[PDB]
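Q: Please read through the structure below; I'll follow up with questions.
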Amino acid sequence: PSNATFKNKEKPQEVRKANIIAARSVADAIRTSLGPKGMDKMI
Amino acid sequence: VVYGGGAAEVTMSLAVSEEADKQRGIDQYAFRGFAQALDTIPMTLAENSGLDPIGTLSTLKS
Amino acid sequence: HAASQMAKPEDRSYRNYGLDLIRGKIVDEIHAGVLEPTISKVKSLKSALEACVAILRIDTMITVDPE
Ligand SMILES: Nc1ncnc2c1ncn2[C@@H]1O[C@H](COP(=O)(O)OP(=O)(O)O)[C@@H](O)[C@H]1O
């Protein structure tokens, strides 16, 4: 299986990637405001 | 000389891996890290060459 | 004021309190006539706390610009 079936377009691979990144970013802003020793945010 | 195609990276990964459990404590995760990150070289070789990354890794390390 | 905590039941006779500022010496503010109301010091601190509490609970500010 040297030749295989070549996956042509890459935008798929690098869209998902950067989406999870743009999302973990939000799930990160929150980590400070979890549980009893969590902290409040002023918007 | 050493032998490429990942082999060299693999032996190191395996050797650091086995001594990770013998390190223990805080470094136990760092050693595990170092070796696991090394495995990207063979995986991204297998990737570019058109084979399964886990497959080639788990066939090869074993 | 540290002379009222080591002051005995009968020995009160050590208890006194206050401050004067025109002459600049410690005076008996009940005899001097310096008097603030009861609530004026309770609802004074009660509020003062729920202020800094709210501010101390602040760890991230997010400011969003006008419409
Ligand atoms: N006394 C406690 N000690 C440790 N963890 C707690 C205690 N009370 C609640 N928790 C945990 O903290 C979490 C509550 O987080 P909180 O900041 O209130 O937001 P949310 O409840 O929406 O996740 C819960 O998952 C709960 O298991």
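Each chain in the structure tokens gets a letter, A, B, ..., in the order shown, and its residues are numbered from 1; ligands are numbered from 1 in order too.
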Check every protein, DNA and RNA residue against ligand 1, keep those with an atom at most 10 Å away (counting only C-alpha atoms and all ligand atoms), and present them as a VMD selection string.

A: chain A and resid 30 to 40

Q: Give me, as JSON lines, each residue of chain C that comes within 10 Å of chain A, together with its shortest interatomic pair and the distance in Å at one decimal, counting only C-alpha atoms, with rows ordered by chain and rising residue number.

A:
```
{"residue": "C:54", "atom": "CA", "partner": "A:40", "partner_atom": "CA", "distance": 8.5}
{"residue": "C:55", "atom": "CA", "partner": "A:42", "partner_atom": "CA", "distance": 9.0}
{"residue": "C:56", "atom": "CA", "partner": "A:40", "partner_atom": "CA", "distance": 8.8}
{"residue": "C:57", "atom": "CA", "partner": "A:40", "partner_atom": "CA", "distance": 5.2}
{"residue": "C:58", "atom": "CA", "partner": "A:40", "partner_atom": "CA", "distance": 5.1}
{"residue": "C:59", "atom": "CA", "partner": "A:41", "partner_atom": "CA", "distance": 5.8}
{"residue": "C:60", "atom": "CA", "partner": "A:41", "partner_atom": "CA", "distance": 4.8}
{"residue": "C:61", "atom": "CA", "partner": "A:42", "partner_atom": "CA", "distance": 4.7}
{"residue": "C:62", "atom": "CA", "partner": "A:43", "partner_atom": "CA", "distance": 4.5}
{"residue": "C:63", "atom": "CA", "partner": "A:43", "partner_atom": "CA", "distance": 5.9}
{"residue": "C:64", "atom": "CA", "partner": "A:43", "partner_atom": "CA", "distance": 7.7}
```

Q: Please, could you write that set of residues out with N, CA, C and O atoms as a compact mmCIF listing (two decimals), in the first residue's frame?

A:
```
# COMPACT_ATOMS: atom_id res chain seq x y z
N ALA C 54 -17.41 42.63 47.34
CA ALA C 54 -17.77 42.56 45.93
C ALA C 54 -16.57 42.85 45.03
O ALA C 54 -16.38 42.18 44.02
N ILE C 55 -15.78 43.85 45.42
CA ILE C 55 -14.59 44.26 44.67
C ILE C 55 -13.47 43.21 44.75
O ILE C 55 -12.74 43.01 43.78
N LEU C 56 -13.33 42.57 45.91
CA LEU C 56 -12.30 41.55 46.11
C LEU C 56 -12.64 40.25 45.37
O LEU C 56 -11.75 39.50 44.96
N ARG C 57 -13.94 40.00 45.21
CA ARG C 57 -14.43 38.88 44.42
C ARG C 57 -14.18 39.09 42.92
O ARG C 57 -14.28 38.14 42.13
N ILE C 58 -13.87 40.32 42.52
CA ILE C 58 -13.58 40.61 41.13
C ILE C 58 -12.17 40.14 40.78
O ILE C 58 -11.19 40.52 41.44
N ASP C 59 -12.08 39.30 39.74
CA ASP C 59 -10.79 38.79 39.26
C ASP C 59 -10.60 39.00 37.75
O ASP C 59 -9.48 38.92 37.25
N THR C 60 -11.68 39.27 37.03
CA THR C 60 -11.61 39.57 35.61
C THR C 60 -12.64 40.65 35.29
O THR C 60 -13.79 40.55 35.71
N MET C 61 -12.22 41.70 34.58
CA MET C 61 -13.16 42.71 34.07
C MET C 61 -13.25 42.63 32.56
O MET C 61 -12.24 42.47 31.88
N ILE C 62 -14.47 42.72 32.03
CA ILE C 62 -14.67 42.72 30.59
C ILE C 62 -15.49 43.94 30.19
O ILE C 62 -16.69 44.01 30.45
N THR C 63 -14.82 44.92 29.58
CA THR C 63 -15.44 46.20 29.26
C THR C 63 -15.85 46.25 27.78
O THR C 63 -15.00 46.12 26.91
N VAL C 64 -17.14 46.45 27.50
CA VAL C 64 -17.63 46.44 26.11
C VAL C 64 -18.06 47.84 25.63
O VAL C 64 -18.89 48.50 26.27
```

Q: Using CA of residue 8 (chain C) and CA of residue 31 (chain C) as the two end points, give the distance in Å to one decimal.

A: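 Between CA of residue 8 (chain C) and CA of residue 31 (chain C) the gap is 22.5 Å.
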
Q: Which residues of chain B have any atom within 12 Å of an atom in chain A when counting only C-alpha atoms, and what is the closest pair of atoms for each, with the distance in Å to one decimal? Order the rows by chain and rising number and write it as a Markdown table.

A:
```
| residue | atom | partner | partner_atom | distance |
| --- | --- | --- | --- | --- |
| B:46 | CA | A:2 | CA | 11.1 |
| B:47 | CA | A:6 | CA | 10.9 |
| B:48 | CA | A:6 | CA | 10.0 |
| B:49 | CA | A:2 | CA | 8.0 |
| B:50 | CA | A:4 | CA | 6.6 |
| B:51 | CA | A:4 | CA | 8.2 |
| B:52 | CA | A:4 | CA | 11.0 |
```

Q: Which neighbours of residue 19 (chain B) fall inside 12 Å, counting only C-alpha atoms, when residues of the same chain fewer than 2 positions from it are skipped, and could you give them as a PyMOL selection string?

A: chain B and resi 12-17+21-24+27-32+34-35

Q: Just N, CA, C and O atoms for this one: save the residues we selected as a compact mmCIF listing (two decimals), in the first residue's frame.

A:
```
# COMPACT_ATOMS: atom_id res chain seq x y z
N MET B 12 14.77 5.85 21.84
CA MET B 12 14.84 6.88 22.86
C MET B 12 13.51 7.01 23.58
O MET B 12 13.46 7.00 24.80
N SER B 13 12.43 7.11 22.80
CA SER B 13 11.09 7.21 23.36
C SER B 13 10.81 6.03 24.28
O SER B 13 10.30 6.20 25.38
N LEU B 14 11.16 4.83 23.82
CA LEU B 14 10.95 3.61 24.60
C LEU B 14 11.79 3.60 25.87
O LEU B 14 11.30 3.21 26.94
N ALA B 15 13.04 4.05 25.75
CA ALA B 15 13.98 4.03 26.87
C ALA B 15 13.65 5.07 27.93
O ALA B 15 13.84 4.84 29.12
N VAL B 16 13.16 6.22 27.49
CA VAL B 16 12.74 7.26 28.41
C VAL B 16 11.41 6.86 29.04
O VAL B 16 11.19 7.08 30.23
N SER B 17 10.56 6.23 28.24
CA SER B 17 9.26 5.75 28.69
C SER B 17 9.38 4.79 29.88
O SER B 17 8.70 4.97 30.89
N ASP B 21 8.51 5.59 34.97
CA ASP B 21 7.88 4.95 36.12
C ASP B 21 8.88 4.80 37.26
O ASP B 21 8.50 4.75 38.43
N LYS B 22 10.16 4.72 36.89
CA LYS B 22 11.28 4.64 37.84
C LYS B 22 11.75 6.03 38.30
O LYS B 22 12.58 6.13 39.22
N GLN B 23 11.23 7.08 37.66
CA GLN B 23 11.49 8.46 38.09
C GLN B 23 10.54 8.86 39.22
O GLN B 23 10.98 9.36 40.26
N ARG B 24 9.24 8.61 39.00
CA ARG B 24 8.16 8.95 39.94
C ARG B 24 8.11 10.43 40.32
O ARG B 24 8.90 11.25 39.83
N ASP B 27 8.40 14.69 38.11
CA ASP B 27 9.10 14.44 36.85
C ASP B 27 8.48 13.29 36.05
O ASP B 27 8.70 13.18 34.84
N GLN B 28 7.70 12.45 36.73
CA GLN B 28 7.04 11.30 36.11
C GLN B 28 6.18 11.69 34.90
O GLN B 28 6.02 10.90 33.98
N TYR B 29 5.65 12.91 34.93
CA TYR B 29 4.83 13.45 33.84
C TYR B 29 5.69 14.11 32.76
O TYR B 29 5.34 14.09 31.58
N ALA B 30 6.82 14.68 33.19
CA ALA B 30 7.74 15.39 32.30
C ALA B 30 8.49 14.42 31.39
O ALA B 30 8.62 14.67 30.19
N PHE B 31 8.99 13.34 31.97
CA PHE B 31 9.66 12.29 31.21
C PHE B 31 8.67 11.68 30.22
O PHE B 31 9.00 11.51 29.05
N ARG B 32 7.47 11.38 30.71
CA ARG B 32 6.40 10.83 29.88
C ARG B 32 6.10 11.77 28.72
O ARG B 32 5.87 11.33 27.60
N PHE B 34 8.30 14.14 27.37
CA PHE B 34 9.45 14.16 26.47
C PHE B 34 9.39 13.04 25.43
O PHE B 34 9.56 13.29 24.24
N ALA B 35 9.15 11.83 25.91
CA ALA B 35 9.09 10.66 25.04
C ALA B 35 7.88 10.69 24.11
O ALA B 35 7.99 10.35 22.93
```

Q: Step one, run DSSP on the backbone; step two, keep only residues of chain C assigned to strand (DSSP E or B); then write them as a list in words.

A: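 Across chain C, those assigned strand (DSSP E or B) are residues 58, 59, 60 and 61 of chain C.
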
Q: So that I have them on file, write out the residues from the current selection with C-alpha atoms, as an mmCIF file, in the first residue's frame.

A:
```cif
data_model
loop_
_atom_site.group_PDB
_atom_site.id
_atom_site.type_symbol
_atom_site.label_atom_id
_atom_site.label_comp_id
_atom_site.auth_asym_id
_atom_site.auth_seq_id
_atom_site.Cartn_x
_atom_site.Cartn_y
_atom_site.Cartn_z
ATOM 1 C CA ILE C 58 -13.579 40.613 41.128
ATOM 2 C CA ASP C 59 -10.792 38.789 39.256
ATOM 3 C CA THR C 60 -11.613 39.573 35.606
ATOM 4 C CA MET C 61 -13.162 42.713 34.071
#
```

Q: Which polymer residues have any atom within 9 Å of an atom of residue 39 (chain B), counting only C-alpha atoms, with same-chain residues fewer than 2 positions away left out, as an NGL selection string?

A: :B and (6 or 9-10 or 13 or 35-37 or 41-44 or 57)

Q: Generate a file of the selected residues that holds N, CA, C and O atoms, formatted as a PDB file, in the first residue's frame.

A:
```pdb
ATOM      1  N   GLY B   6      12.709   6.814  11.934  1.00  0.00           N
ATOM      2  CA  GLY B   6      12.052   6.872  13.230  1.00  0.00           C
ATOM      3  C   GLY B   6      12.716   6.010  14.286  1.00  0.00           C
ATOM      4  O   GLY B   6      12.667   6.335  15.472  1.00  0.00           O
ATOM      5  N   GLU B   9      14.564   7.713  17.050  1.00  0.00           N
ATOM      6  CA  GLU B   9      13.624   8.439  17.899  1.00  0.00           C
ATOM      7  C   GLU B   9      12.809   7.468  18.758  1.00  0.00           C
ATOM      8  O   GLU B   9      12.495   7.768  19.909  1.00  0.00           O
ATOM      9  N   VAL B  10      12.505   6.297  18.198  1.00  0.00           N
ATOM     10  CA  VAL B  10      11.676   5.285  18.862  1.00  0.00           C
ATOM     11  C   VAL B  10      12.382   4.636  20.048  1.00  0.00           C
ATOM     12  O   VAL B  10      11.785   4.494  21.119  1.00  0.00           O
ATOM     13  N   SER B  13      12.433   7.110  22.800  1.00  0.00           N
ATOM     14  CA  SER B  13      11.094   7.207  23.365  1.00  0.00           C
ATOM     15  C   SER B  13      10.809   6.025  24.278  1.00  0.00           C
ATOM     16  O   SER B  13      10.296   6.204  25.380  1.00  0.00           O
ATOM     17  N   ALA B  35       9.146  11.827  25.907  1.00  0.00           N
ATOM     18  CA  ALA B  35       9.088  10.655  25.045  1.00  0.00           C
ATOM     19  C   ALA B  35       7.882  10.694  24.111  1.00  0.00           C
ATOM     20  O   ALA B  35       7.991  10.349  22.934  1.00  0.00           O
ATOM     21  N   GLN B  36       6.737  11.119  24.642  1.00  0.00           N
ATOM     22  CA  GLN B  36       5.501  11.159  23.870  1.00  0.00           C
ATOM     23  C   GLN B  36       5.572  12.181  22.735  1.00  0.00           C
ATOM     24  O   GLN B  36       4.999  11.975  21.662  1.00  0.00           O
ATOM     25  N   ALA B  37       6.283  13.278  22.983  1.00  0.00           N
ATOM     26  CA  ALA B  37       6.480  14.320  21.982  1.00  0.00           C
ATOM     27  C   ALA B  37       7.446  13.857  20.905  1.00  0.00           C
ATOM     28  O   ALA B  37       7.311  14.242  19.748  1.00  0.00           O
ATOM     29  N   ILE B  41       7.749  12.641  15.496  1.00  0.00           N
ATOM     30  CA  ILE B  41       8.654  12.446  14.355  1.00  0.00           C
ATOM     31  C   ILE B  41       8.273  11.217  13.493  1.00  0.00           C
ATOM     32  O   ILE B  41       8.061  11.369  12.286  1.00  0.00           O
ATOM     33  N   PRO B  42       8.152  10.014  14.106  1.00  0.00           N
ATOM     34  CA  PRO B  42       7.736   8.824  13.357  1.00  0.00           C
ATOM     35  C   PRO B  42       6.300   8.904  12.875  1.00  0.00           C
ATOM     36  O   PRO B  42       6.000   8.463  11.766  1.00  0.00           O
ATOM     37  N   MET B  43       5.417   9.450  13.704  1.00  0.00           N
ATOM     38  CA  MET B  43       4.020   9.601  13.316  1.00  0.00           C
ATOM     39  C   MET B  43       3.868  10.507  12.099  1.00  0.00           C
ATOM     40  O   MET B  43       3.189  10.135  11.139  1.00  0.00           O
ATOM     41  N   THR B  44       4.518  11.671  12.129  1.00  0.00           N
ATOM     42  CA  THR B  44       4.473  12.593  10.991  1.00  0.00           C
ATOM     43  C   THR B  44       5.321  12.123   9.813  1.00  0.00           C
ATOM     44  O   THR B  44       5.232  12.690   8.727  1.00  0.00           O
ATOM     45  N   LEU B  57       3.264   3.488  14.599  1.00  0.00           N
ATOM     46  CA  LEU B  57       3.863   3.698  15.915  1.00  0.00           C
ATOM     47  C   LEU B  57       3.741   2.453  16.799  1.00  0.00           C
ATOM     48  O   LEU B  57       4.722   2.026  17.413  1.00  0.00           O
TER      49      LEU B  57
END
```

Q: Between CA of residue 54 (chain B) and CA of residue 28 (chain A), measure the distance and give it in Å to one decimal.

A: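 The value is 29.3 Å.
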
Q: Per DSSP on the backbone, filter chain B down to the residues in helix (DSSP H, G or I) and report them as a PyMOL selection string.

A: chain B and resi 7-20+27-38+40-49+53-60

Q: Work out how far CA of residue 1 (chain C) is from CA of residue 35 (chain C), in Å to one decimal.

A: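 We find that CA of residue 35 (chain C) and CA of residue 1 (chain C) lie 17.8 Å from each other.
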